[PDB]
Structure formats: structure tokens, C-alpha cells
>>> print(open('upload-v3.txt').read())   # compact mmCIF, C-alpha atoms
# COMPACT_ATOMS: atom_id res chain seq x y z
CA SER R 1227 -30.92 35.92 -35.09
CA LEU R 1228 -30.09 32.56 -33.58
CA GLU R 1229 -26.97 32.71 -31.38
CA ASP R 1230 -24.01 30.70 -32.59
CA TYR R 1231 -22.43 27.91 -30.48
CA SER R 1232 -19.22 25.84 -30.88
CA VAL R 1233 -19.38 22.08 -31.12
CA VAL R 1234 -17.26 19.24 -29.77
CA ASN R 1235 -17.75 15.95 -31.64
CA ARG R 1236 -16.82 12.97 -29.47
CA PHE R 1237 -17.08 10.33 -32.24
CA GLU R 1238 -14.66 9.89 -35.13
CA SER R 1239 -17.00 7.57 -37.07
CA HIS R 1240 -20.50 6.11 -37.37
CA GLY R 1241 -22.00 2.75 -36.48
CA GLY R 1242 -24.93 0.89 -37.98
CA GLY R 1243 -28.11 1.92 -36.28
CA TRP R 1244 -29.15 2.47 -32.72
CA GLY R 1245 -32.44 1.38 -31.20
CA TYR R 1246 -34.46 2.53 -28.19
CA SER R 1247 -36.87 0.96 -25.71
CA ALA R 1248 -39.36 2.20 -23.09
CA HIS R 1249 -36.83 3.13 -20.37
CA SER R 1250 -33.66 3.65 -22.44
CA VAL R 1251 -31.27 6.34 -21.16
CA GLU R 1252 -28.20 7.61 -22.98
CA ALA R 1253 -25.52 9.26 -20.85
CA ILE R 1254 -21.84 10.17 -20.89
CA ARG R 1255 -19.53 11.71 -18.27
CA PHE R 1256 -17.39 14.64 -19.39
CA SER R 1257 -15.09 17.38 -18.24
CA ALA R 1258 -13.52 20.39 -19.94
CA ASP R 1259 -10.17 21.89 -18.86
CA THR R 1260 -11.57 25.41 -19.34
CA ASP R 1261 -14.73 27.11 -18.03
CA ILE R 1262 -17.43 26.81 -20.73
CA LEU R 1263 -21.06 27.80 -21.17
CA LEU R 1264 -22.93 24.60 -22.10
CA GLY R 1265 -25.91 25.44 -24.28
CA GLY R 1266 -27.13 22.02 -25.35
CA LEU R 1267 -26.41 18.54 -26.63
CA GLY R 1268 -26.21 17.26 -30.18
CA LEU R 1269 -28.28 14.12 -30.79
CA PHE R 1270 -28.46 11.65 -33.61
CA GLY R 1271 -31.70 11.01 -35.45
CA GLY R 1272 -31.66 10.76 -39.22
CA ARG R 1273 -34.13 7.92 -39.93
CA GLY R 1274 -37.50 9.31 -38.90
CA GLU R 1275 -39.17 11.22 -36.08
CA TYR R 1276 -37.82 11.19 -32.52
CA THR R 1277 -38.36 12.71 -29.13
CA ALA R 1278 -35.87 13.51 -26.42
CA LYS R 1279 -35.52 14.99 -22.95
CA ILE R 1280 -32.04 16.13 -21.93
CA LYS R 1281 -30.45 16.65 -18.50
CA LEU R 1282 -27.17 17.87 -17.07
CA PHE R 1283 -25.82 16.55 -13.76
CA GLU R 1284 -22.91 17.89 -11.70
CA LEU R 1285 -20.43 15.33 -10.28
CA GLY R 1286 -17.66 17.75 -9.25
CA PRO R 1287 -13.88 17.68 -9.36
CA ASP R 1288 -13.63 13.98 -8.41
CA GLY R 1289 -16.33 12.72 -10.76
CA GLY R 1290 -13.90 11.19 -13.25
CA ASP R 1291 -12.56 8.85 -10.58
CA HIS R 1292 -15.70 8.30 -8.48
CA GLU R 1293 -19.18 8.55 -10.12
CA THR R 1294 -21.80 9.55 -7.60
CA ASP R 1295 -25.44 10.08 -8.60
CA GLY R 1296 -24.75 13.77 -9.10
CA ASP R 1297 -26.81 16.90 -8.68
CA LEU R 1298 -29.26 17.96 -11.38
CA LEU R 1299 -28.31 21.32 -12.95
CA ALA R 1300 -30.63 21.48 -15.96
CA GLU R 1301 -33.48 19.60 -17.59
CA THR R 1302 -35.82 20.05 -20.57
CA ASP R 1303 -39.29 18.77 -21.34
CA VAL R 1304 -39.76 16.03 -23.93
CA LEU R 1305 -39.38 17.59 -27.37
CA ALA R 1306 -39.95 16.13 -30.82
CA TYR R 1307 -37.10 16.42 -33.30
CA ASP R 1308 -35.74 15.21 -36.58
CA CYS R 1309 -32.67 15.87 -38.70
CA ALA R 1310 -31.16 14.85 -42.00
CA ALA R 1311 -29.38 11.54 -42.33
CA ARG R 1312 -25.84 11.72 -40.88
CA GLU R 1313 -26.48 15.09 -39.19
CA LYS R 1314 -27.00 16.01 -35.57
CA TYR R 1315 -29.91 17.78 -33.97
CA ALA R 1316 -29.03 20.59 -31.56
CA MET R 1317 -31.22 20.19 -28.47
CA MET R 1318 -30.79 23.23 -26.29
CA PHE R 1319 -31.22 23.58 -22.55
CA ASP R 1320 -33.75 26.16 -21.43
CA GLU R 1321 -30.75 28.28 -20.28
CA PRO R 1322 -27.00 27.74 -20.75
CA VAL R 1323 -25.05 26.46 -17.76
CA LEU R 1324 -21.59 27.66 -16.75
CA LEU R 1325 -19.32 24.63 -16.22
CA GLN R 1326 -16.16 24.75 -14.10
CA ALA R 1327 -12.74 23.78 -15.47
CA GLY R 1328 -11.72 20.33 -14.22
CA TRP R 1329 -15.19 19.48 -12.89
CA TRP R 1330 -17.08 16.46 -14.16
CA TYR R 1331 -20.65 16.40 -15.40
CA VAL R 1332 -23.09 13.90 -16.89
CA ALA R 1333 -24.73 14.68 -20.25
CA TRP R 1334 -28.00 12.75 -20.36
CA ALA R 1335 -30.67 12.11 -22.95
CA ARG R 1336 -33.78 9.95 -23.00
CA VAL R 1337 -34.46 9.35 -26.70
CA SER R 1338 -37.48 7.63 -28.16
CA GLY R 1339 -38.25 6.67 -31.74
CA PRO R 1340 -37.23 4.18 -34.42
CA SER R 1341 -33.66 3.21 -35.22
CA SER R 1342 -31.29 6.18 -35.55
CA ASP R 1343 -27.82 7.03 -36.68
CA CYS R 1344 -25.10 6.43 -34.10
CA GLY R 1345 -21.46 7.04 -33.30
CA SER R 1346 -18.42 4.80 -33.20
CA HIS R 1347 -14.73 5.39 -32.47
CA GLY R 1348 -15.65 7.62 -29.58
CA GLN R 1349 -12.74 9.39 -27.95
CA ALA R 1350 -11.66 9.59 -24.33
CA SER R 1351 -10.11 13.00 -25.11
CA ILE R 1352 -10.89 15.64 -27.77
CA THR R 1353 -9.01 18.92 -28.20
CA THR R 1354 -11.18 21.45 -30.00
CA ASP R 1355 -9.77 24.04 -32.43
CA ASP R 1356 -9.88 26.73 -29.72
CA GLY R 1357 -7.53 24.62 -27.55
CA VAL R 1358 -10.06 23.35 -24.98
CA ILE R 1359 -9.49 19.75 -23.89
CA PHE R 1360 -12.63 17.66 -23.31
CA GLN R 1361 -12.52 14.29 -21.58
CA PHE R 1362 -15.26 11.65 -21.85
CA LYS R 1363 -15.91 8.55 -19.74
CA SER R 1364 -18.73 6.05 -19.63
CA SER R 1365 -21.60 6.83 -17.19
CA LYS R 1366 -23.43 4.41 -14.93
CA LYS R 1367 -26.70 6.21 -15.88
CA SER R 1368 -26.40 4.94 -19.47
CA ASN R 1369 -28.50 1.75 -19.88
CA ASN R 1370 -28.87 1.33 -23.68
CA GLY R 1371 -25.28 0.84 -24.88
CA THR R 1372 -24.07 4.44 -25.13
CA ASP R 1373 -20.54 4.69 -23.73
CA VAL R 1374 -17.17 6.31 -24.39
CA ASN R 1375 -16.87 4.33 -27.66
CA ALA R 1376 -20.35 4.24 -29.17
CA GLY R 1377 -23.93 5.36 -29.40
CA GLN R 1378 -25.73 8.63 -28.70
CA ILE R 1379 -24.90 12.18 -27.59
CA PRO R 1380 -22.35 12.92 -30.31
CA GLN R 1381 -21.90 16.58 -29.36
CA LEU R 1382 -21.64 19.14 -26.64
CA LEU R 1383 -22.72 22.62 -27.75
CA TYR R 1384 -20.83 25.37 -25.94
CA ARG R 1385 -19.44 28.90 -25.89
CA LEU R 1386 -16.42 30.31 -24.11
CA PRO R 1387 -17.38 32.92 -21.50
>>> encode(input="upload-v3.txt", output="C-alpha cells")
Amino acid sequence: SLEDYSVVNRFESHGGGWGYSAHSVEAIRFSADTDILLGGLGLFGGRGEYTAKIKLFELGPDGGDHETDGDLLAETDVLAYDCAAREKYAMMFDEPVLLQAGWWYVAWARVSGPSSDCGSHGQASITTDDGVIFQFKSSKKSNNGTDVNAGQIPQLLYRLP
């Protein structure tokens, strides 16, 4: 049956709604202090029918202090999705990607559709129940308001090796 994955939720609350436009890009920088297998990203929807393409970029060990344009590690095609109000949709990469402890990455999503749910009270640091510490920082690739505090990409979906 479907393989189970752990979740890290970067937001502690919700906002009003979030809108999209023709070239909107949601992105967030992150790092985990432990090697993890990244399977996908959790996305808000909740108020209709959406599409999204997701990407993962590598920045490296210095990517928290100096954001380069990064190296593409994974990408999906555009895929339609929906989910219940307040919930997240699990958009999976074609294959999971092994991330290195202390290295920085960019989680990226190009979402299209009507207004959606969104996050607020986003956290710079989250410690998951298994003890892994995730850090989040705003990304220069994000052009539609998503940042460390607010917006899209509420979750990373991962397993421990």
C-alpha cells in the first residue's frame, strides 16, 4: 500500500486566503540537522481546483548565509490537485531525494488556481517529534508573498534513512 512519510509543519496558524497570478512562484529555503529522504511537499488548496509543479534546489552548506541560484535536484510535471478545506495536499517528487545534514535547499512550487488556504506564524526553526531540527528562511525565488512567516508550502514530507 502507499508508503508512509513523516511531516514537518512550518506554520503554527492560518491566514485569510492566498491568490496566484500567471508567473507566481512560491519558495522557501530550508535545512535539516539530520540526513533525511525528502519525498514531497505539502501544499495548501482547500477552496477549489488547483495545479502545481514542484522543484527542489541544492544550495549547499553555506546556503543559509548566501543564497545562490542553486542546482536543480528534482522536478515534477504540472499536476492537478485538490484537498479538503484546512488540509494539505501531499505532492510527491517522482523519486525521493537524500538531503545532507546542515545543507540548505530550496523547496519550490508554482501553484495556479483560485484563492487558497494559507499559513501564518511560520517558524524559523521547527523540531519534529523524532528530534530533527528544521530551519526555514525566505527565498529570493519566491515572488508571490510566501516567506518564512506566511503563505504556501506548509510541509516537507520526509523519512529518516
>>> axis_aligned_box(input="upload-v3.txt", around="segment 1282-1288 of chain R", padding_each_side="5 Å", output="lines of an AutoDock Vina configuration file")
center_x = -20.4
center_y = 15.9
center_z = -12.7
size_x = 23.5
size_y = 13.9
size_z = 18.7
>>> closest_residue(input="upload-v3.txt", among="R:1251, R:1267, R:1382, R:1280", to="residue 1234 of chain R", atoms="all atoms listed in the file")
R:1382
>>> residues_around(input="upload-v3.txt", residues="segment 1302-1310 of chain R", least_positions_apart="3", cutoff="10 Å", atoms="only C-alpha atoms", output="tab-separated table (two decimals) with C-alpha atoms, keeping the file's coordinate frame")
chain	number	residue	atom	x	y	z
R	1269	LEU	CA	-28.28	14.12	-30.79
R	1270	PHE	CA	-28.46	11.65	-33.61
R	1271	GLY	CA	-31.70	11.01	-35.45
R	1272	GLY	CA	-31.66	10.76	-39.22
R	1273	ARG	CA	-34.13	7.92	-39.93
R	1274	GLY	CA	-37.50	9.31	-38.90
R	1275	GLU	CA	-39.17	11.22	-36.08
R	1276	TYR	CA	-37.82	11.19	-32.52
R	1277	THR	CA	-38.36	12.71	-29.13
R	1278	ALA	CA	-35.87	13.51	-26.42
R	1279	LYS	CA	-35.52	14.99	-22.95
R	1280	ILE	CA	-32.04	16.13	-21.93
R	1281	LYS	CA	-30.45	16.65	-18.50
R	1282	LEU	CA	-27.17	17.87	-17.07
R	1313	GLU	CA	-26.48	15.09	-39.19
R	1314	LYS	CA	-27.00	16.01	-35.57
R	1315	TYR	CA	-29.91	17.78	-33.97
R	1316	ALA	CA	-29.03	20.59	-31.56
R	1317	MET	CA	-31.22	20.19	-28.47
R	1318	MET	CA	-30.79	23.23	-26.29
R	1319	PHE	CA	-31.22	23.58	-22.55
R	1320	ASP	CA	-33.75	26.16	-21.43
R	1321	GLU	CA	-30.75	28.28	-20.28
R	1335	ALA	CA	-30.67	12.11	-22.95
R	1336	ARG	CA	-33.78	9.95	-23.00
R	1337	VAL	CA	-34.46	9.35	-26.70
R	1338	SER	CA	-37.48	7.63	-28.16
R	1339	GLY	CA	-38.25	6.67	-31.74
>>> closest_residue(input="upload-v3.txt", among="R:1363, R:1249, R:1236, R:1347", to="residue 1268 of chain R", atoms="all atoms listed in the file")
R:1236
>>> closest_residue(input="upload-v3.txt", among="R:1362, R:1246, R:1256, R:1237", to="residue 1326 of chain R", atoms="all atoms listed in the file")
R:1256
>>> residues_around(input="upload-v3.txt", residues="residue 1284 of chain R", least_positions_apart="5", cutoff="6 Å", atoms="all atoms listed in the file", output="MDAnalysis selection string")
chainID R and resid 1296:1297 1331
>>> atom_distance(input="upload-v3.txt", atom1="atom CA of residue 1381 of chain R", atom2="atom CA of residue 1244 of chain R")
16.2 Å
>>> atom_distance(input="upload-v3.txt", atom1="atom CA of residue 1377 of chain R", atom2="atom CA of residue 1354 of chain R")
20.5 Å
>>> atom_distance(input="upload-v3.txt", atom1="atom CA of residue 1373 of chain R", atom2="atom CA of residue 1254 of chain R")
6.3 Å
>>> residues_near_point(input="upload-v3.txt", point="(-24.2, 14.2, -21.9)", cutoff="6 Å", atoms="only C-alpha atoms", output="PyMOL selection string")
chain R and resi 1253-1254+1332-1334
>>> closest_residue(input="upload-v3.txt", among="R:1323, R:1228, R:1285, R:1358", to="residue 1301 of chain R", atoms="only C-alpha atoms")
R:1323
>>> residues_around(input="upload-v3.txt", residues="residue 1294 of chain R", least_positions_apart="2", cutoff="12 Å", atoms="only C-alpha atoms", output="ChimeraX atom specification")
/R:1255,1283-1292,1296-1298,1330-1332,1365-1367
>>> closest_residue(input="upload-v3.txt", among="R:1348, R:1387, R:1357, R:1322", to="residue 1372 of chain R", atoms="only C-alpha atoms")
R:1348
>>> residues_around(input="upload-v3.txt", residues="residue 1324 of chain R", least_positions_apart="3", cutoff="12 Å", atoms="all atoms listed in the file", output="compact mmCIF listing (two decimals) with C-alpha atoms, in the frame of the given file")
# COMPACT_ATOMS: atom_id res chain seq x y z
CA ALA R 1258 -13.52 20.39 -19.94
CA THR R 1260 -11.57 25.41 -19.34
CA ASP R 1261 -14.73 27.11 -18.03
CA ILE R 1262 -17.43 26.81 -20.73
CA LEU R 1263 -21.06 27.80 -21.17
CA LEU R 1264 -22.93 24.60 -22.10
CA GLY R 1265 -25.91 25.44 -24.28
CA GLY R 1266 -27.13 22.02 -25.35
CA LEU R 1282 -27.17 17.87 -17.07
CA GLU R 1284 -22.91 17.89 -11.70
CA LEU R 1299 -28.31 21.32 -12.95
CA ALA R 1300 -30.63 21.48 -15.96
CA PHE R 1319 -31.22 23.58 -22.55
CA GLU R 1321 -30.75 28.28 -20.28
CA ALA R 1327 -12.74 23.78 -15.47
CA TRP R 1329 -15.19 19.48 -12.89
CA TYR R 1331 -20.65 16.40 -15.40
CA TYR R 1384 -20.83 25.37 -25.94
CA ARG R 1385 -19.44 28.90 -25.89
CA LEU R 1386 -16.42 30.31 -24.11
CA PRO R 1387 -17.38 32.92 -21.50
>>> residues_around(input="upload-v3.txt", residues="residue 1355 of chain R", least_positions_apart="6", cutoff="12 Å", atoms="all atoms listed in the file", output="VMD selection string")
chain R and resid 1232 to 1235
>>> decode(input="upload-v3.txt", residues="segment 1334-1350 of chain R", atoms="N, CA and C atoms", output="PDB file, in the first residue's frame")
ATOM      1  N   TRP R1334      10.207  24.513  -3.736  1.00  0.00           N
ATOM      2  CA  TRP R1334       9.677  25.426  -4.748  1.00  0.00           C
ATOM      3  C   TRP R1334       8.395  24.845  -5.305  1.00  0.00           C
ATOM      4  N   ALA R1335       7.412  25.707  -5.512  1.00  0.00           N
ATOM      5  CA  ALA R1335       6.136  25.299  -6.059  1.00  0.00           C
ATOM      6  C   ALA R1335       5.549  26.424  -6.884  1.00  0.00           C
ATOM      7  N   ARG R1336       5.103  26.090  -8.082  1.00  0.00           N
ATOM      8  CA  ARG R1336       4.360  27.023  -8.924  1.00  0.00           C
ATOM      9  C   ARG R1336       2.915  26.552  -8.907  1.00  0.00           C
ATOM     10  N   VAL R1337       2.074  27.286  -8.182  1.00  0.00           N
ATOM     11  CA  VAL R1337       0.682  26.938  -7.951  1.00  0.00           C
ATOM     12  C   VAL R1337      -0.183  27.840  -8.795  1.00  0.00           C
ATOM     13  N   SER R1338      -1.216  27.256  -9.386  1.00  0.00           N
ATOM     14  CA  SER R1338      -2.215  28.014 -10.114  1.00  0.00           C
ATOM     15  C   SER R1338      -3.604  27.602  -9.635  1.00  0.00           C
ATOM     16  N   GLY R1339      -4.543  28.539  -9.699  1.00  0.00           N
ATOM     17  CA  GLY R1339      -5.906  28.281  -9.292  1.00  0.00           C
ATOM     18  C   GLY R1339      -6.499  29.504  -8.629  1.00  0.00           C
ATOM     19  N   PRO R1340      -7.677  29.333  -8.025  1.00  0.00           N
ATOM     20  CA  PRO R1340      -8.347  30.408  -7.309  1.00  0.00           C
ATOM     21  C   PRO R1340      -7.668  30.626  -5.962  1.00  0.00           C
ATOM     22  N   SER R1341      -8.250  31.472  -5.133  1.00  0.00           N
ATOM     23  CA  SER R1341      -7.755  31.668  -3.790  1.00  0.00           C
ATOM     24  C   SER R1341      -7.655  30.323  -3.075  1.00  0.00           C
ATOM     25  N   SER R1342      -6.652  30.200  -2.203  1.00  0.00           N
ATOM     26  CA  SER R1342      -6.465  29.008  -1.396  1.00  0.00           C
ATOM     27  C   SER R1342      -6.326  29.353   0.079  1.00  0.00           C
ATOM     28  N   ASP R1343      -6.322  28.314   0.900  1.00  0.00           N
ATOM     29  CA  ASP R1343      -5.845  28.424   2.257  1.00  0.00           C
ATOM     30  C   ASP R1343      -4.388  28.878   2.254  1.00  0.00           C
ATOM     31  N   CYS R1344      -3.928  29.362   3.399  1.00  0.00           N
ATOM     32  CA  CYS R1344      -2.540  29.764   3.559  1.00  0.00           C
ATOM     33  C   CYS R1344      -2.091  29.684   5.000  1.00  0.00           C
ATOM     34  N   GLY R1345      -0.784  29.794   5.195  1.00  0.00           N
ATOM     35  CA  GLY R1345      -0.191  29.745   6.513  1.00  0.00           C
ATOM     36  C   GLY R1345       0.131  31.117   7.054  1.00  0.00           C
ATOM     37  N   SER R1346       0.145  31.202   8.384  1.00  0.00           N
ATOM     38  CA  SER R1346       0.723  32.330   9.108  1.00  0.00           C
ATOM     39  C   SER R1346       1.473  31.810  10.321  1.00  0.00           C
ATOM     40  N   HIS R1347       2.177  32.704  11.005  1.00  0.00           N
ATOM     41  CA  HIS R1347       3.035  32.319  12.133  1.00  0.00           C
ATOM     42  C   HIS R1347       4.000  31.215  11.738  1.00  0.00           C
ATOM     43  N   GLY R1348       4.607  31.387  10.575  1.00  0.00           N
ATOM     44  CA  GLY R1348       5.652  30.493  10.146  1.00  0.00           C
ATOM     45  C   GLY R1348       6.864  30.613  11.050  1.00  0.00           C
ATOM     46  N   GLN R1349       7.578  29.504  11.188  1.00  0.00           N
ATOM     47  CA  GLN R1349       8.670  29.386  12.136  1.00  0.00           C
ATOM     48  C   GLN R1349      10.024  29.282  11.454  1.00  0.00           C
ATOM     49  N   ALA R1350      11.008  29.972  12.019  1.00  0.00           N
ATOM     50  CA  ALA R1350      12.371  29.899  11.542  1.00  0.00           C
ATOM     51  C   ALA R1350      13.009  28.566  11.901  1.00  0.00           C
TER      52      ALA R1350
END
